[PDB]
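Notes follow once the structure below has been shown.
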Ligand SMILES: Cc1c2c(n3c1CCCN1CCC[C@@H]1CNc1cc-3ccc1C(N)=O)CC(C)(C)CC2=O
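In the UniProt record's numbering, the protein residues as written are 17 to 224.
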């Protein structure tokens, strides 16, 4: 297990998201689904030039999996996935610029719900989650687990769990007062409202 410090700007962003009073938390799901959609777009495009990139799985979809016992909501996709370099360095480097712009926009009166316009919507996960675990598998790399409960650091390790083939799993360990997002009716409501035109099948798993 390797432990890393967040870019200073990203740490600041995470603290803002965790500490700011903002009741419209439901937008987190839209942002994560958007991330998945983008990842699916990417593997789909790449497969047009190199069909073998789908040897790791041809189905392009998104699964939403609530678990009341573990108090987790999991967003699963069969998108392009992320390499170790993506997880440790490269996405954070990109996120640095977006974070700065977002935090400046907020100071100018922008709304937290606009986070996606700045390319850092992933971090909206911390509106509802005390810990986020990201399991990911890219064609060119091994299966990794990224994890952070904020506080300025994150970890990355090779994943021992069951193989995914290709794609990403975002596991939200929900805050105690955010369990409404484990309810079928609530998730359906949010998907219908914010994600009705996503171009991939979204399957909401039922509990038990
Ligand atoms: C930015 C950013 C970040 C993450 N994703 C994106 C967003 C930017 C990177 N994204 C654009 C299209 C495909 C790539 C990789 N795919 C994903 C990226 C993100 C989230 C989900 C997925 C996912 N579900 O595949 C996650 C993490 C690296 C842990 C932290 C972070 O800064």
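Heads up, the beta-carbon is just placed ideally off N, CA and C, and yes, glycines get one too.
Query                                                                                                                            : Result
When you compare each of 60, 80 and 155 to residue 102 by their alpha carbons, which one comes out closest?                      : 155
Quick one: which unbroken beta strand (DSSP E) runs of 3-plus residues sit fully inside the stretch 96-170? Chain order, please. : 145-153 and 159-164
Which residue from 177, 169 and 82 puts its Cα closest to that of residue 159?                                                   : 177
Which residues bound the beta strand (DSSP E) around residue 208?                                                                : Where residue 208 is concerned, there is no enclosing beta strand (DSSP E), although the alpha helix (DSSP H) it sits in stretches over 200-210.
Give me the Cα-Cα distance between residue 54 and residue 211, rounded to the nearest whole angstrom.                            : 13 Å
Whole angstroms are fine: how far does the CA of residue 171 sit from the CA of residue 106?                                     : 15 Å
With a Cβ-Cβ cutoff of 7 Å, do residue 218 and residue 78 count as a contact?                                                    : yes
What is the DSSP secondary structure of residue 67, reduced to helix, strand or coil?                                            : helix
Whose C-alpha, out of 32, 28 and 48, is nearest the C-alpha of residue 186?                                                      : 48
Hey, residue 51 and residue 183 are a contact pair by Cβ (cut 8 Å); roughly how many whole angstroms apart?                      : Not really, about 12 Å apart at Cβ, beyond 8 Å.
Out of 203, 67 and 104, point me to the one whose CA is closest to residue 222's CA.                                             : 203
Of the residues 213, 199 and 214, which one's Cα is nearest the Cα of residue 81?                                                : 199
With distances taken between CB atoms, is the gap from residue 69 to residue 157 smaller than 7 Å?                               : no
Counting contacts by CB-CB distance shorter than 7 Å, is residue 189 in contact with chain C?                                    : Protein chain content of the structure displayed is limited to a single chain, and chain C is not contained in it.
Whose CA, out of 147, 34 and 196, lies closest to the CA of residue 84?                                                          : 196
From the DSSP output, in three-state form, read off residue 46 for me.                                                           : helix
Would the beta-carbon of residue 52 be found less than 6 Å away from any heavy atom of ligand 1?                                 : yes
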